[PDB]
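Colleague: Structure file final_21.csv (CSV, C-alpha atoms and all ligand atoms) right here:
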```
chain,number,residue,atom,x,y,z
H,165,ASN,CA,-52.8,-56.7,9.1
H,166,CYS,CA,-50.5,-59.2,7.5
H,167,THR,CA,-47.7,-57.0,6.1
H,168,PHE,CA,-45.9,-60.2,5.0
H,169,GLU,CA,-46.9,-63.7,4.2
H,170,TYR,CA,-45.0,-66.7,2.9
H,171,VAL,CA,-46.0,-70.3,1.9
H,172,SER,CA,-43.4,-72.9,1.0
H,186,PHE,CA,-38.9,-90.6,20.3
H,187,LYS,CA,-37.9,-91.3,16.6
H,188,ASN,CA,-37.0,-87.9,15.1
H,189,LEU,CA,-35.3,-84.8,16.5
H,190,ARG,CA,-35.7,-81.3,15.0
H,191,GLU,CA,-33.5,-78.3,15.9
H,192,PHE,CA,-34.2,-74.6,15.3
H,193,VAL,CA,-32.4,-71.3,16.1
H,194,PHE,CA,-34.2,-68.0,15.9
H,195,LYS,CA,-32.5,-64.6,16.2
H,196,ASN,CA,-33.0,-60.9,15.3
H,197,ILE,CA,-30.2,-58.8,13.7
H,198,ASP,CA,-31.0,-55.4,12.2
H,199,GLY,CA,-34.7,-56.4,11.8
H,200,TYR,CA,-33.7,-59.4,9.6
H,201,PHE,CA,-35.3,-62.4,11.2
H,202,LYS,CA,-32.8,-65.2,10.6
H,203,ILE,CA,-33.8,-68.9,10.8
H,204,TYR,CA,-31.6,-71.9,11.2
H,205,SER,CA,-32.6,-75.5,11.0
H,206,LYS,CA,-31.5,-79.2,11.3
H,207,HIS,CA,-33.2,-82.6,11.2
H,208,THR,CA,-32.0,-85.9,12.4
H,209,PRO,CA,-33.5,-89.3,13.6
H,210,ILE,CA,-32.5,-90.6,17.0
H,215,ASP,CA,-33.4,-85.2,27.5
H,216,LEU,CA,-30.9,-83.9,24.9
H,217,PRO,CA,-28.9,-86.8,23.4
H,218,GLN,CA,-25.2,-86.2,23.3
H,219,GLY,CA,-23.9,-85.2,19.9
H,220,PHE,CA,-22.7,-82.4,17.6
H,221,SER,CA,-24.4,-81.1,14.5
H,222,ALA,CA,-24.2,-77.6,13.2
H,223,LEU,CA,-27.4,-75.9,12.0
H,224,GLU,CA,-27.7,-74.4,8.4
H,225,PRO,CA,-29.3,-71.1,7.5
H,226,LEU,CA,-32.8,-71.4,6.0
H,227,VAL,CA,-34.8,-68.2,5.9
H,228,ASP,CA,-33.8,-64.5,6.3
H,229,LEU,CA,-36.6,-62.0,6.6
H,230,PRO,CA,-36.5,-58.2,7.4
H,231,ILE,CA,-39.8,-57.7,9.3
H,232,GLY,CA,-38.3,-55.2,11.7
H,233,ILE,CA,-40.8,-56.3,14.4
H,234,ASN,CA,-39.8,-55.8,18.0
H,235,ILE,CA,-39.9,-59.2,19.6
H,236,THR,CA,-39.6,-59.9,23.3
H,237,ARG,CA,-41.9,-63.0,24.0
H,238,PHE,CA,-42.6,-66.2,22.1
H,239,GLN,CA,-44.9,-69.2,22.4
H,240,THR,CA,-45.0,-72.5,20.6
H,241,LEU,CA,-48.0,-74.1,18.9
H,242,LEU,CA,-49.7,-77.4,19.4
H,243,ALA,CA,-52.0,-79.8,17.4
H,244,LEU,CA,-55.6,-80.5,18.0
H,245,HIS,CA,-58.0,-82.4,15.7
K,353,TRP,CA,-42.6,-47.8,4.4
K,354,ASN,CA,-43.3,-50.9,2.3
K,355,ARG,CA,-40.2,-53.1,2.1
K,356,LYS,CA,-40.5,-53.9,-1.6
K,357,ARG,CA,-38.4,-57.0,-2.3
K,358,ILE,CA,-36.4,-56.4,-5.5
K,359,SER,CA,-35.0,-59.7,-6.7
K,360,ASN,CA,-34.6,-61.8,-9.9
K,361,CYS,CA,-34.3,-58.9,-12.3
K,362,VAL,CA,-31.8,-56.7,-14.1
K,363,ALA,CA,-31.5,-53.3,-12.4
K,364,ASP,CA,-30.6,-50.5,-14.8
K,365,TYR,CA,-29.0,-48.1,-12.3
K,366,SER,CA,-28.1,-45.6,-15.1
K,367,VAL,CA,-31.8,-44.8,-15.5
K,368,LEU,CA,-32.3,-43.5,-12.0
K,369,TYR,CA,-29.8,-40.5,-12.1
K,370,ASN,CA,-31.2,-38.3,-14.8
K,371,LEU,CA,-34.6,-36.6,-14.2
K,372,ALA,CA,-36.9,-34.5,-12.0
K,373,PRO,CA,-38.4,-37.4,-9.8
K,374,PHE,CA,-34.8,-38.5,-9.1
K,375,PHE,CA,-32.5,-35.5,-8.7
K,376,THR,CA,-30.6,-35.3,-5.4
K,377,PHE,CA,-28.5,-38.2,-4.3
K,378,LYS,CA,-26.2,-39.6,-1.6
K,379,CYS,CA,-24.5,-43.0,-1.6
K,380,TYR,CA,-22.6,-45.0,0.9
K,381,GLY,CA,-20.4,-48.1,0.5
K,382,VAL,CA,-20.8,-48.5,-3.3
K,383,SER,CA,-20.0,-45.8,-5.9
K,384,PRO,CA,-23.2,-45.1,-7.9
K,385,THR,CA,-21.3,-44.9,-11.2
K,386,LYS,CA,-20.0,-48.5,-10.9
K,387,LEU,CA,-23.4,-49.9,-10.0
K,388,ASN,CA,-23.9,-51.0,-13.5
K,389,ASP,CA,-21.2,-53.7,-13.3
K,390,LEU,CA,-21.9,-54.9,-9.7
K,391,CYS,CA,-24.5,-57.3,-8.3
K,392,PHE,CA,-26.5,-57.7,-5.1
K,393,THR,CA,-28.5,-60.5,-3.5
K,394,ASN,CA,-31.6,-58.6,-2.5
K,395,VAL,CA,-32.3,-54.8,-2.6
K,396,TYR,CA,-35.1,-53.4,-0.4
K,397,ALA,CA,-36.7,-50.2,-1.5
K,398,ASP,CA,-38.9,-47.7,0.3
K,399,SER,CA,-40.8,-44.5,-0.7
K,400,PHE,CA,-41.9,-41.7,1.6
K,401,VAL,CA,-42.4,-37.9,2.0
K,402,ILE,CA,-40.3,-36.0,4.6
K,403,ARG,CA,-39.5,-32.2,4.8
K,404,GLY,CA,-36.3,-31.2,3.1
K,405,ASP,CA,-34.6,-29.9,6.3
K,406,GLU,CA,-35.1,-33.3,7.9
K,407,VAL,CA,-33.6,-35.2,4.9
K,408,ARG,CA,-30.2,-34.5,6.5
K,409,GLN,CA,-31.0,-37.2,9.1
K,410,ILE,CA,-31.5,-39.8,6.4
K,411,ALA,CA,-27.9,-41.1,6.8
K,412,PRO,CA,-26.2,-44.2,8.3
K,413,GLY,CA,-26.5,-44.3,12.1
K,414,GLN,CA,-27.5,-40.6,12.6
K,415,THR,CA,-30.0,-39.2,15.1
K,416,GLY,CA,-32.8,-36.6,15.0
K,417,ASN,CA,-36.6,-36.4,15.0
K,418,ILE,CA,-37.4,-38.8,12.1
K,419,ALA,CA,-34.4,-40.9,13.0
K,420,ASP,CA,-35.2,-41.6,16.7
K,421,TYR,CA,-39.0,-41.4,16.2
K,422,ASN,CA,-39.9,-42.6,12.6
K,423,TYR,CA,-37.1,-44.7,11.0
K,424,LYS,CA,-33.5,-45.5,11.8
K,425,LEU,CA,-31.0,-46.3,9.2
K,426,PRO,CA,-28.3,-48.9,10.1
K,427,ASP,CA,-24.8,-47.5,10.7
K,428,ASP,CA,-23.3,-50.0,8.1
K,429,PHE,CA,-25.7,-48.8,5.4
K,430,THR,CA,-24.6,-49.8,1.9
K,431,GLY,CA,-27.0,-48.1,-0.5
K,432,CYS,CA,-28.2,-44.9,-2.0
K,433,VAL,CA,-30.8,-42.3,-1.0
K,434,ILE,CA,-32.8,-40.6,-3.7
K,435,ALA,CA,-35.0,-37.6,-3.2
K,436,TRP,CA,-37.4,-35.4,-5.2
K,437,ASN,CA,-38.7,-31.8,-5.0
K,438,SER,CA,-42.3,-32.7,-4.6
K,439,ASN,CA,-44.2,-29.4,-4.1
K,440,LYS,CA,-46.6,-30.1,-7.0
K,441,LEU,CA,-48.0,-33.4,-5.5
K,442,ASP,CA,-47.6,-33.1,-1.8
K,443,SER,CA,-48.1,-29.4,-1.0
K,444,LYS,CA,-51.3,-27.2,-1.0
K,445,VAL,CA,-52.0,-23.6,-0.3
K,446,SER,CA,-52.2,-22.9,3.5
K,447,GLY,CA,-50.9,-26.4,4.2
K,448,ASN,CA,-51.2,-30.0,3.1
K,449,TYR,CA,-51.9,-32.3,6.0
K,450,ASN,CA,-51.7,-35.8,4.5
K,451,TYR,CA,-48.3,-36.7,6.0
K,452,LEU,CA,-47.7,-37.1,9.8
K,453,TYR,CA,-44.4,-36.9,11.7
K,454,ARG,CA,-43.4,-37.7,15.3
K,455,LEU,CA,-41.8,-35.3,17.6
K,456,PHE,CA,-42.0,-37.2,20.9
K,457,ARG,CA,-41.9,-40.9,21.7
K,458,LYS,CA,-41.3,-43.1,24.7
K,459,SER,CA,-38.5,-45.1,23.1
K,460,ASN,CA,-35.5,-44.6,20.9
K,461,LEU,CA,-35.5,-46.6,17.7
K,462,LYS,CA,-33.5,-49.5,16.3
K,463,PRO,CA,-32.7,-49.7,12.5
K,464,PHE,CA,-35.4,-50.8,10.1
K,465,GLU,CA,-38.0,-50.9,12.9
K,466,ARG,CA,-41.7,-50.0,12.3
K,467,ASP,CA,-44.3,-48.8,14.8
K,468,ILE,CA,-47.8,-47.7,13.8
K,469,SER,CA,-48.9,-47.0,17.4
K,470,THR,CA,-50.8,-43.7,17.8
K,471,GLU,CA,-50.8,-43.8,21.6
K,472,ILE,CA,-50.4,-40.3,23.2
K,473,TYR,CA,-47.1,-40.2,25.1
K,474,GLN,CA,-46.7,-38.8,28.5
K,475,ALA,CA,-44.7,-35.6,28.1
K,476,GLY,CA,-45.1,-34.8,31.8
K,477,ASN,CA,-46.5,-36.3,35.0
K,478,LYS,CA,-50.1,-35.9,33.8
K,479,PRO,CA,-51.7,-39.2,32.6
K,480,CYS,CA,-52.2,-39.7,28.9
K,481,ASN,CA,-53.2,-42.4,26.3
K,482,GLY,CA,-56.7,-40.9,25.8
K,483,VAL,CA,-56.1,-37.6,27.5
K,484,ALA,CA,-55.3,-34.6,25.3
K,485,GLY,CA,-53.9,-31.2,26.3
K,486,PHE,CA,-50.8,-30.0,28.1
K,487,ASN,CA,-48.2,-32.8,28.9
K,488,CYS,CA,-50.2,-35.0,26.4
K,489,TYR,CA,-48.9,-33.6,23.0
K,490,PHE,CA,-50.2,-35.4,19.9
K,491,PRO,CA,-47.8,-38.0,18.5
K,492,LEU,CA,-48.6,-37.5,14.7
K,493,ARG,CA,-47.8,-33.9,13.9
K,494,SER,CA,-47.9,-32.7,10.3
K,495,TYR,CA,-45.6,-30.1,8.7
K,496,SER,CA,-48.4,-28.4,6.7
K,497,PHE,CA,-46.7,-28.4,3.3
K,498,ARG,CA,-47.2,-25.4,1.0
K,499,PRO,CA,-45.8,-24.6,-2.4
K,500,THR,CA,-44.8,-21.1,-1.2
K,501,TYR,CA,-42.2,-22.5,1.2
K,502,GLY,CA,-38.5,-22.1,1.1
K,503,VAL,CA,-36.3,-25.0,0.0
K,504,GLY,CA,-35.8,-26.4,3.5
K,505,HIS,CA,-39.5,-26.5,4.4
K,506,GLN,CA,-40.6,-28.2,1.2
K,507,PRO,CA,-41.9,-31.8,1.1
K,508,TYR,CA,-39.4,-34.2,-0.4
K,509,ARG,CA,-40.4,-37.5,-2.0
K,510,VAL,CA,-37.4,-39.6,-0.9
K,511,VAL,CA,-36.6,-43.1,-2.0
K,512,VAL,CA,-34.1,-45.3,-0.1
K,513,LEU,CA,-32.4,-48.3,-1.6
K,514,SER,CA,-30.6,-50.7,0.7
K,515,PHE,CA,-28.1,-52.9,-1.1
K,516,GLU,CA,-26.8,-56.2,0.2
K,517,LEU,CA,-23.2,-56.9,-0.5
K,518,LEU,CA,-23.5,-60.4,0.8
K,519,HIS,CA,-21.7,-63.3,-0.9
K,520,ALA,CA,-25.0,-65.2,-1.4
K,521,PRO,CA,-26.6,-66.1,-4.7
K,522,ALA,CA,-27.0,-62.7,-6.3
K,523,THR,CA,-30.2,-62.2,-8.3
K,524,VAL,CA,-30.1,-58.5,-8.9
K,525,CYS,CA,-27.4,-57.5,-11.4
K,526,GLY,CA,-26.6,-54.5,-13.7
K,527,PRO,CA,-27.2,-54.1,-17.4
K,528,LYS,CA,-23.9,-55.9,-18.3
K,529,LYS,CA,-24.2,-59.5,-19.5
K,530,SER,CA,-22.1,-62.6,-19.7
K,531,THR,CA,-19.7,-64.4,-22.1
K,532,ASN,CA,-18.6,-68.0,-22.7
K,533,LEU,CA,-16.7,-70.2,-20.2
K,534,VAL,CA,-13.0,-71.0,-20.8
K,535,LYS,CA,-11.4,-73.9,-18.8
K,536,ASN,CA,-7.8,-74.9,-18.2
K,537,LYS,CA,-6.3,-71.6,-19.6
K,538,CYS,CA,-4.8,-68.5,-18.0
K,539,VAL,CA,-7.6,-66.0,-18.6
K,540,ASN,CA,-9.1,-63.0,-16.9
K,541,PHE,CA,-12.5,-63.6,-15.3
K,542,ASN,CA,-15.4,-61.6,-13.8
K,543,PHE,CA,-18.0,-63.4,-11.6
K,544,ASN,CA,-21.0,-61.2,-10.6
K,545,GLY,CA,-18.8,-58.2,-10.0
K,546,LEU,CA,-15.7,-60.1,-8.7
K,547,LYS,CA,-12.8,-59.3,-10.9
K,548,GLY,CA,-9.7,-61.6,-10.8
K,549,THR,CA,-7.1,-63.3,-12.9
K,550,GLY,CA,-6.3,-67.0,-12.8
K,551,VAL,CA,-6.5,-70.4,-14.4
V,950,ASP,CA,12.9,-74.6,16.1
V,951,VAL,CA,14.7,-73.1,13.0
V,952,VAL,CA,12.3,-74.9,10.7
V,953,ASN,CA,9.3,-74.0,12.8
V,954,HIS,CA,10.5,-70.4,12.9
V,955,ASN,CA,10.7,-70.2,9.1
V,956,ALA,CA,7.3,-71.9,8.6
V,957,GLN,CA,5.7,-69.7,11.3
V,958,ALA,CA,7.2,-66.5,9.9
V,959,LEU,CA,6.0,-67.3,6.4
V,960,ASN,CA,2.5,-68.3,7.6
V,961,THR,CA,2.2,-65.2,9.8
V,962,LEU,CA,3.2,-63.2,6.7
V,963,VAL,CA,0.5,-65.0,4.8
V,964,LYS,CA,-2.5,-64.4,7.1
V,965,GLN,CA,-1.8,-60.7,7.4
V,966,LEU,CA,-3.2,-60.1,4.0
V,967,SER,CA,-6.6,-61.0,5.6
V,968,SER,CA,-6.0,-58.2,8.0
V,969,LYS,CA,-7.9,-55.2,6.7
V,970,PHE,CA,-5.8,-52.6,8.5
V,971,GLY,CA,-8.7,-50.2,8.7
V,972,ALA,CA,-9.7,-50.6,5.1
V,973,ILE,CA,-13.1,-51.8,3.9
V,974,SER,CA,-12.0,-55.2,2.6
V,975,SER,CA,-9.0,-57.5,2.4
V,976,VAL,CA,-9.4,-58.0,-1.4
V,977,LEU,CA,-8.2,-55.1,-3.5
V,978,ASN,CA,-10.3,-55.8,-6.6
V,979,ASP,CA,-13.5,-55.5,-4.5
V,980,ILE,CA,-12.4,-52.0,-3.5
V,981,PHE,CA,-11.6,-51.2,-7.1
V,982,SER,CA,-15.0,-52.5,-8.3
V,983,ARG,CA,-17.2,-51.0,-5.5
V,984,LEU,CA,-15.7,-47.5,-5.4
V,985,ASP,CA,-14.2,-45.2,-8.0
V,986,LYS,CA,-10.4,-44.7,-7.9
V,987,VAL,CA,-10.0,-41.6,-5.7
V,988,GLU,CA,-11.2,-43.2,-2.4
V,989,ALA,CA,-10.1,-46.6,-3.6
V,990,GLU,CA,-6.4,-45.5,-3.6
V,991,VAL,CA,-6.8,-44.4,0.0
V,992,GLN,CA,-8.1,-47.8,1.0
V,993,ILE,CA,-5.3,-49.5,-1.0
V,994,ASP,CA,-2.9,-47.1,0.6
V,995,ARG,CA,-3.9,-48.3,4.0
V,996,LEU,CA,-3.6,-51.9,2.8
V,997,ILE,CA,-0.1,-51.4,1.3
V,998,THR,CA,1.1,-49.5,4.3
Z,1,LIG,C1,-39.2,-53.4,22.3
Z,1,LIG,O1,-40.2,-53.8,23.3
Z,1,LIG,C2,-39.7,-53.9,24.7
Z,1,LIG,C3,-40.8,-54.4,25.5
Z,1,LIG,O2,-41.8,-53.4,25.7
Z,1,LIG,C4,-39.1,-52.5,25.1
Z,1,LIG,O3,-38.3,-52.7,26.3
Z,1,LIG,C5,-38.8,-52.1,27.6
Z,1,LIG,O4,-39.7,-53.1,28.2
Z,1,LIG,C6,-40.2,-52.7,29.5
Z,1,LIG,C7,-41.0,-53.8,30.0
Z,1,LIG,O5,-41.4,-53.6,31.3
Z,1,LIG,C8,-40.9,-51.4,29.4
Z,1,LIG,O6,-41.4,-51.0,30.7
Z,1,LIG,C9,-40.0,-50.3,28.8
Z,1,LIG,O7,-40.7,-49.1,28.7
Z,1,LIG,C10,-39.4,-50.7,27.5
Z,1,LIG,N1,-38.4,-49.7,27.0
Z,1,LIG,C11,-38.7,-48.6,26.4
Z,1,LIG,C12,-37.6,-47.7,26.0
Z,1,LIG,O8,-39.9,-48.3,26.2
Z,1,LIG,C13,-38.1,-52.0,24.0
Z,1,LIG,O9,-37.7,-50.6,24.3
Z,1,LIG,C14,-38.7,-52.0,22.6
Z,1,LIG,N2,-37.8,-51.6,21.6
Z,1,LIG,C15,-37.9,-50.4,21.0
Z,1,LIG,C16,-36.8,-50.1,20.0
Z,1,LIG,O10,-38.8,-49.6,21.2
```
Have the structure of the file written as C-alpha cells, please.
Ligand SMILES: *[C@@H]1O[C@H](CO)[C@@H](O[C@@H]2O[C@H](CO)[C@@H](O)[C@H](O)[C@H]2NC(C)=O)[C@H](O)[C@H]1NC(C)=O

Modeller:
Amino acid sequence: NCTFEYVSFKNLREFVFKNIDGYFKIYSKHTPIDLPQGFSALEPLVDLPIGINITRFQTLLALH
Amino acid sequence: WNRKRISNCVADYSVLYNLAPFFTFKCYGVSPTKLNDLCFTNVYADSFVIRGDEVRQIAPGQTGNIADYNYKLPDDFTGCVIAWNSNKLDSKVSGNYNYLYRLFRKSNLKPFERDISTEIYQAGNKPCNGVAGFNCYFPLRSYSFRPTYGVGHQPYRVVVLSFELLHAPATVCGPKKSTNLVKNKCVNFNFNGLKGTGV
Amino acid sequence: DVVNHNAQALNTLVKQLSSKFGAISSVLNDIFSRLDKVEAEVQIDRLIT
C-alpha cells in the first residue's frame, strides 16, 4: 500500500537496525579493509516512525 | 492515522486554542502556554473520530478498548491532545456508521502501532477467520453516532500532537524570532528555547 | 589520601547536579521554559532538596 516512501575483500560496511516505540532507527559505518579485529562506533543515520511490527528479516541480492 | 510529518516551519501554537474545532485540551510534559517560545525537532500529528466517553483513554500509557485494540500512546508522551464536538459532521439520525472500533483482538498493542487486519478473532473454541456468529464476533464495530446523544456518546474529532524534546536540529519553532549575535561579552542568551547566561 | 579525599569530595559534589532526584531534568531553566511556574517550583523544590 506504500504508506511511506523515501529516496535519497576491499570495503566493509556495517549497519545496525532496531525498533524503539515504532521509530525505526538506522545506524551505519563504512571502512575499507571473518570479522577483522578493530573498533569503530556507528553513527545514527535515519529515524523513522513506521510502527510496523517486525519479527523476521531477509537481505537482498543483485542479478542482471 | 496518517503520521503527518511537521517539520521546517513555524508553528503558531496560540492559534490552536481558540475556537470550535479545537476546544477541549490536555497536555503532558510541556505547558501549552509556553509553546510559543519553545522548539521541537519533529512533531507528528494524527486526526481521528472516537466517542467522547472513550477519549479518557487517550492518555500516556493507559489501557482500555481503543488503547489495547486501536492505538496505544507511549507512557513518556510529551505532547497535547485536541478534541472537537463533532455531531454536525460525524453523526446522523438513527446512527452514523462510517467509523469502526475494535472490542476484541488477539493481541495487546504497543505504542504507535498500526494494524488494518480485519480477521475475525476467536472469542471461543469455535473456529473463526471466515466464520461468523457466536464465538466469532465481528472485529470492526461501529458506535452508531447520532446528534441526539448525550455528551459521552457523541463522536469527537480528536487531534493528537506528539512533540519531540530531543536535542537534535530543531526545525519546528514558535512565533518568536531571533536577534543579532554578540561574542566575547557577558550577555544573556536563548538558543531554540534553551535559556542561559554566560560569555 | 588527604588530597584525593578533597578532590573526590569536590568532584562527587559536582556530579550530583546531574542527578535529577526524581525531577524531570537536571537543568533548572529547562523546567522553567517547558512548564509554567506552579509545577516548576515543585520540580525545582525536589532538585534543591
Ligand atoms: C508482533 O508479531 C509477533 C509475531 O506474530 C507476535 O508475537 C507472537 O508470535 C507467535 C508466533 O508463533 C504467535 O503465535 C503469537 O500469537 C504472537 N503473540 C500474540 C500476542 O499474538 C506479537 O504479539 C506481535 N505484536 C503485537 C503488538 O501484536

Colleague: With all atoms listed in the file as the counted atoms, please give the residues lying no more than 10 Å from residue 364 of chain K, apart from itself and same-chain residues fewer than 2 positions off, as a PyMOL selection string.

Modeller: chain K and resi 361-362+366-368+387-388+524-528

Colleague: Selected residues, C-alpha atoms, written as a PDB file, in the frame of the given file, please.

Modeller:
```
ATOM      1  CA  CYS K 361     -34.300 -58.900 -12.300  1.00  0.00           C
ATOM      2  CA  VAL K 362     -31.800 -56.700 -14.100  1.00  0.00           C
ATOM      3  CA  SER K 366     -28.100 -45.600 -15.100  1.00  0.00           C
ATOM      4  CA  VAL K 367     -31.800 -44.800 -15.500  1.00  0.00           C
ATOM      5  CA  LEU K 368     -32.300 -43.500 -12.000  1.00  0.00           C
ATOM      6  CA  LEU K 387     -23.400 -49.900 -10.000  1.00  0.00           C
ATOM      7  CA  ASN K 388     -23.900 -51.000 -13.500  1.00  0.00           C
ATOM      8  CA  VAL K 524     -30.100 -58.500  -8.900  1.00  0.00           C
ATOM      9  CA  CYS K 525     -27.400 -57.500 -11.400  1.00  0.00           C
ATOM     10  CA  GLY K 526     -26.600 -54.500 -13.700  1.00  0.00           C
ATOM     11  CA  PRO K 527     -27.200 -54.100 -17.400  1.00  0.00           C
ATOM     12  CA  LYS K 528     -23.900 -55.900 -18.300  1.00  0.00           C
TER      13      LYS K 528
END
```

Colleague: Looking at K:468, K:452, K:511, K:407, which one is nearest to ligand LIG 1 (chain Z), with distances taken over all atoms listed in the file?

Modeller: K:468

Colleague: Tell me which residues come within 12 Å of (-32.5, -82.3, 25.9), as a PyMOL selection string, counting all atoms listed in the file in the file's coordinates.

Modeller: chain H and resi 186+189-191+215-219

Colleague: Any residue with an atom at most 6 Å from ligand LIG 1 (chain Z) counts, using all atoms listed in the file. Which are they? Put them as JSON, numbers by chain.

Modeller: {"H": [234], "K": [458, 459, 460, 461, 462]}

Colleague: Go through V:956, V:990, V:981, V:966 and flag the residue nearest chain K, using only C-alpha atoms for the distances.

Modeller: V:981

Colleague: Extract, using all atoms listed in the file, all DNA, RNA and protein residues at most 10 Å from segment 969-972 of chain V, discarding same-chain residues fewer than 5 positions from it, and format them as a PDB file with C-alpha atoms, in the coordinates of the input.

Modeller:
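To be explicit, this is the file written out as around.pdb:
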```pdb
ATOM      1  CA  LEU V 977      -8.200 -55.100  -3.500  1.00  0.00           C
ATOM      2  CA  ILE V 980     -12.400 -52.000  -3.500  1.00  0.00           C
ATOM      3  CA  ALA V 989     -10.100 -46.600  -3.600  1.00  0.00           C
ATOM      4  CA  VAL V 991      -6.800 -44.400   0.000  1.00  0.00           C
ATOM      5  CA  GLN V 992      -8.100 -47.800   1.000  1.00  0.00           C
ATOM      6  CA  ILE V 993      -5.300 -49.500  -1.000  1.00  0.00           C
ATOM      7  CA  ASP V 994      -2.900 -47.100   0.600  1.00  0.00           C
ATOM      8  CA  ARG V 995      -3.900 -48.300   4.000  1.00  0.00           C
ATOM      9  CA  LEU V 996      -3.600 -51.900   2.800  1.00  0.00           C
ATOM     10  CA  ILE V 997      -0.100 -51.400   1.300  1.00  0.00           C
ATOM     11  CA  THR V 998       1.100 -49.500   4.300  1.00  0.00           C
TER      12      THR V 998
END
```

Colleague: Can you tell me, as a list in words, what residues are no more than 12 Å from residue 476 of chain K when counting all atoms listed in the file, ignoring any on the same chain fewer than 4 positions away?

Modeller: residues 456, 458, 472, 480, 485, 486, 487, 488 and 489 of chain K

Colleague: Please produce a file of the residues just selected, as a CSV table (one decimal), in the coordinates of the input, where the atoms kept are C-alpha atoms.

Modeller:
```csv
chain,number,residue,atom,x,y,z
K,456,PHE,CA,-42.0,-37.2,20.9
K,458,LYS,CA,-41.3,-43.1,24.7
K,472,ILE,CA,-50.4,-40.3,23.2
K,480,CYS,CA,-52.2,-39.7,28.9
K,485,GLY,CA,-53.9,-31.2,26.3
K,486,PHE,CA,-50.8,-30.0,28.1
K,487,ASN,CA,-48.2,-32.8,28.9
K,488,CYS,CA,-50.2,-35.0,26.4
K,489,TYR,CA,-48.9,-33.6,23.0
```

Colleague: Please check the contacts: residues of chain K at most 10 Å away from chain V, using all atoms listed in the file, listed as a VMD selection string.

Modeller: chain K and resid 380 to 387 389 to 390 517 545 to 548

Colleague: Once you have the residues from the selection above, write them out as an mmCIF file, in the coordinates of the input, restricted to C-alpha atoms.

Modeller:
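The file below, selection01.cif, is the result:
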```
data_model
loop_
_atom_site.group_PDB
_atom_site.id
_atom_site.type_symbol
_atom_site.label_atom_id
_atom_site.label_comp_id
_atom_site.auth_asym_id
_atom_site.auth_seq_id
_atom_site.Cartn_x
_atom_site.Cartn_y
_atom_site.Cartn_z
ATOM 1 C CA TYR K 380 -22.600 -45.000 0.900
ATOM 2 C CA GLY K 381 -20.400 -48.100 0.500
ATOM 3 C CA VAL K 382 -20.800 -48.500 -3.300
ATOM 4 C CA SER K 383 -20.000 -45.800 -5.900
ATOM 5 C CA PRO K 384 -23.200 -45.100 -7.900
ATOM 6 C CA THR K 385 -21.300 -44.900 -11.200
ATOM 7 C CA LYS K 386 -20.000 -48.500 -10.900
ATOM 8 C CA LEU K 387 -23.400 -49.900 -10.000
ATOM 9 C CA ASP K 389 -21.200 -53.700 -13.300
ATOM 10 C CA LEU K 390 -21.900 -54.900 -9.700
ATOM 11 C CA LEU K 517 -23.200 -56.900 -0.500
ATOM 12 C CA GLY K 545 -18.800 -58.200 -10.000
ATOM 13 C CA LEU K 546 -15.700 -60.100 -8.700
ATOM 14 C CA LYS K 547 -12.800 -59.300 -10.900
ATOM 15 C CA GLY K 548 -9.700 -61.600 -10.800
#
```

Colleague: Could you check which of K:538, K:495, K:523, K:423 is closest to residue 449 of chain K, using all atoms listed in the file?

Modeller: K:495

Colleague: Residues of chain H within 8 Å of chain K: nearest atom pair and distance (Å, one decimal) for each, counting only C-alpha atoms, sorted by chain and number, as CSV?

Modeller:
```
residue,atom,partner,partner_atom,distance
H:198,CA,K:463,CA,6.0
H:199,CA,K:464,CA,5.9
H:230,CA,K:464,CA,8.0
H:231,CA,K:465,CA,7.9
H:232,CA,K:465,CA,4.5
H:233,CA,K:465,CA,6.3
H:234,CA,K:465,CA,7.3
```

Colleague: For a test of reading the model, state the distance in Å between atom CA of residue 237 of chain H and atom CA of residue 419 of chain K, rounded to one decimal.

Modeller: 25.8 Å
